[PDB]
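Next come structure tokens for two forms of one protein chain, structure 1 first, structure 2 second.
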Structure 1
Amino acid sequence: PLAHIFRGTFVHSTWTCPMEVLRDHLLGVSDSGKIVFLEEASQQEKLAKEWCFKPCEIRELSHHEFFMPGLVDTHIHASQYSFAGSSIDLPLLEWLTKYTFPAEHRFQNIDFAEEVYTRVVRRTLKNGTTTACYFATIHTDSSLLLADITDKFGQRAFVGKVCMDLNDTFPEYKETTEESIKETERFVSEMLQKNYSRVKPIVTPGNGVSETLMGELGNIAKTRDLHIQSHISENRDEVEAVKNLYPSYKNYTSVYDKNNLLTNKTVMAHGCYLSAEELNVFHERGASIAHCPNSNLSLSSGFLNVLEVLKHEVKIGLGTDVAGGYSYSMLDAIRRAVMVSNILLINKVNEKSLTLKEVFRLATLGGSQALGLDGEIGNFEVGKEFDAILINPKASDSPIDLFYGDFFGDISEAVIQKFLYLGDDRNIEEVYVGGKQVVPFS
């Protein structure tokens, strides 16, 4: 017995088609949350037989509505949500000392953690982020709370307790090398002990990690076969800082790679100043990049050249990087990635820029690949889990104005782009993770 059968239009990406619009198709969802069939509505009779459903069980979408896959945020600091949107007109250092560290440090209080984490999980779900790869804080128990919160709301997630044994600017926010190693093993073990269906722990070296701790986190990830998340070559100062602290290493990428932290389950945020040779290394190891356009521009870090990454066959997703990037919305990330690629065209760095459709793919299929999840989610193939968002361009109080020509013909050039460019949570009517409807909230 299928949990759902939907009739209408479906918009997703494949590896040979940035955006595929499937009009008047039927889509079935098994009791276990999987995509069971997807075919033109003409095949209704044959399917009603093959799958033993009656026509009255079909939910007919409005011709104005369309489904698309859940958005995949490959990099976001859940613990930075409370001041996201505040002044960034401040040297990075002061930003860290005034906002970031005091905020994250406050997560020793379980009630502050509960407040913020509940809020950021709700907020990102209602904006269509079905999968989120979160940075939390150095606090094991609070980070465990985040995981518990994402599972309660039904969001797919990686949750990473942060690790740092270096912090000159805010000495109170950090661990001893030994405390960090121990608390990471505890965090991972207590996560796993929970038997969560769609939340997993991830090894998360923070900004300020000694070489001994680096090697030890490497070891943890290796012996437990864990995902890894970190920041890499975000800005010129951070690049110089790592050359000084690790002078024996040829580059930032080598610091991670030689310490067991650059693996085929590794995602690395930013990458603005990676070299071509470093991208080759990423390819070989099967490590991914999380493109964080808003943050890179908002904090004047630099420009990730997404075309070069693509040329090098490096896995790549989009991220939000709350709060470095001020917006919690992957729609904003799509818009900003498009613009960053435009910037490199104007500057004659590249010969072309990325299409909205290409960035739509990165925000969904691309992100899921970067997280090693493209076998389960990312587009509407058969067997994958139903992670999807129902878009109504014409919803109550829509920020979109629609005119004759928006709803017929090549809609992939009209209403669909009007949503990506101008839509917001008002257009996101329903959200599904693993076939279960998670928005509207219960």
Structure 2
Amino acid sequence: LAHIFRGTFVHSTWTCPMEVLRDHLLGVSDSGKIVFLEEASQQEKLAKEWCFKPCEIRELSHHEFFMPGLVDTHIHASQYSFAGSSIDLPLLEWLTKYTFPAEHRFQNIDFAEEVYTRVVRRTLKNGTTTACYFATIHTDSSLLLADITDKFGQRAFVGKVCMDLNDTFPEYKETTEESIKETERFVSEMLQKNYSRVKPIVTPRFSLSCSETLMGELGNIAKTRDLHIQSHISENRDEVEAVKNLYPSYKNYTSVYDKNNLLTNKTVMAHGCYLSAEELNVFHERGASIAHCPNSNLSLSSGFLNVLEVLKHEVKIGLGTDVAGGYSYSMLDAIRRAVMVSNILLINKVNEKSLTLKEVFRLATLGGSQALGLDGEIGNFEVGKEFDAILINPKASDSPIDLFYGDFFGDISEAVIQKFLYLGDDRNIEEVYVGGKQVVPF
């Protein structure tokens, strides 16, 4: 056994949005798997079965708790250099003014190295143990990202972006053939590295930047290598209308992807704000997933995803930060913003209720893992799963949270857990484990 921990564990299950396991014992194997999880009353029994001494057990402080690692289902690693600025002009203006020039710089491998090192370190330290990254159109810089994530021990999908259409910034695109060849090369080189927890993902940027021909070939590569696919869908009203006019023969945005083999049981689509009920039924039937990106949706004045309607349709859904469209790199920010979007829908009388903080906590961990096809391996504390987890200390040095005796003995349930979700930050994250290995501190 690599670790045995005693203390409080907080996670989600499909039948319980937030389950708090107090004074429990958890064991993690050498291979990084959770091998037991039981009440501490079972110490003697476990110590015999698993051959360990009581002195080998790490006891958490009385006010600390473990929770599962946060899962970021959509982030543009390549836009991190300007995250927290701009976020004003509209989205085609924006893409042209900020985004495409920033991504064009990734033709320089040394620039790539600086930005990607910073983004992987920053998200890990904020407790993002699994990330689904968009990189750039450049195969070699996108391979460097994969190598960086492996070095740091973060779990990740890395996607070389494809685009053969780009009218507003023509310096930043590939020919159709180039896009196909470079994707084939990216995937082969990724498979050659054989990284234990970093895999390639097929990434048409979106339907407006990829021809039918390209889309269809990317779909074939995904099928033949059995890979995940990631793209954007129905993020704003102008995009919805642009697609309608560039692809008039398709019934809706969803059909454009579906008929081109881009909507599979291993597909995740960012945004989804303007998907209709009919389109959600198609997501459900195909096993495709949505990455809810609430900060970006408000920051860029895009729209509101109706998460309650998505859940009613039994569509798989996780949370994403959508850096740099969303200005925050934090999944704690994404959780807060998700609660707020659901409240917006209640205020506007679209829905009759809002999402609870606990339901959103489940989206950020188990929901996200399900959205990326990883919920057999991660997302909560179940025997069999990889130990992807973060040790939270609400009383850490310089903590942004003020705890009072009432938070432990008063009349508000999960008071401390809720204050961490609403007020905490990286100062409260003392340790981060991915695959049972301690990755933070670095």
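Structure 1's sequence is the ruler for residue numbers, which start at 1. Only residues modelled in both forms are compared. Take the two forms, find the largest set of C-alpha atoms that superpose within 1.5 Å, and that set is the rigid core.
Among the candidates 60, 413, 57, 39, the CA atom that moves 2 angstroms or more between structures 1 and 2 after core superposition belongs to 413 alone. For residue 354, the displacement of the CA atom between structures 1 and 2, after superposition on the rigid core, amounts to 0.3 Å. Relative to the superposed core, residue 89 moves its CA by 1.9 Å between structures 1 and 2. Once the rigid core is aligned, the segments that move between structures 1 and 2, defined as three or more consecutive common residues whose C-alpha shifts all reach 2 Å, run 91 to 94, 407 to 413.
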